[PDB]
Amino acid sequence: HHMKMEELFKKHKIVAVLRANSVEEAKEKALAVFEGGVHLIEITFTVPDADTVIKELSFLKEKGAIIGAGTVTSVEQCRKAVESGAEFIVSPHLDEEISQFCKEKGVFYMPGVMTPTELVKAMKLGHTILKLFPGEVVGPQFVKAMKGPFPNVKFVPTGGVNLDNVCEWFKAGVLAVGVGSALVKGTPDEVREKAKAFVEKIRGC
């Protein structure tokens, strides 16, 4: 599902990275963010019964939400995520066993990298769309610096994205941004409004 997923990220521009302390909290956050215009929703596997959160958000899937799994650190989590109907898989690092498994299952996997050597290793396993993490450390300047040497790599940072810098991130050449607490933290009313505000900022640039 790679070129479908790439165009989805390119079109929608923002992934909501959901951390939550419960299934109910995750689900209402996912909902609030989607209601605010965010169609790409990354359910982090630090969430209890993350696999069950995903399954149960199929009602939102029917609305056109693209729901995947984040912070996947094992093929076990990945199998569960995929079985639950994750449409994409994100990890903080590069896991070659998860790479293989997703190739096998035809599932779009976005591994994390932080260095050029890490990036090259990711590319050699077939990955050109990479999670930049943590984006607080490897910021817009990292994205820009990789453009020359690695012109076919496209980053989606998590960490270090807010309203005030999101445009700088796109100027640097990101495909999309992953956003956590700046978006998903607070009450569904507030999450919905932050989502709205994010979608508008990005449309603006």
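Numbers for residues come from their place in the sequence shown, where the first is 1.
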Selected stretch [higher average CA B-factor]: 115-123 or 102-110: 102-110
Modelled-residue ranking by C-alpha temperature factor, third containing residue 58: highest
Entry-reported Cα temperature factor of residue 15, expressed as the chain third it lands in: lowest
Position of residue 65 among the chain's modelled residues by C-alpha B-factor, lowest, middle or highest third: middle
CA B-factor placement of residue 191, once the chain's modelled residues are sorted into thirds: lowest
Lowest, middle or highest third - CA B-factor, residue 178: lowest
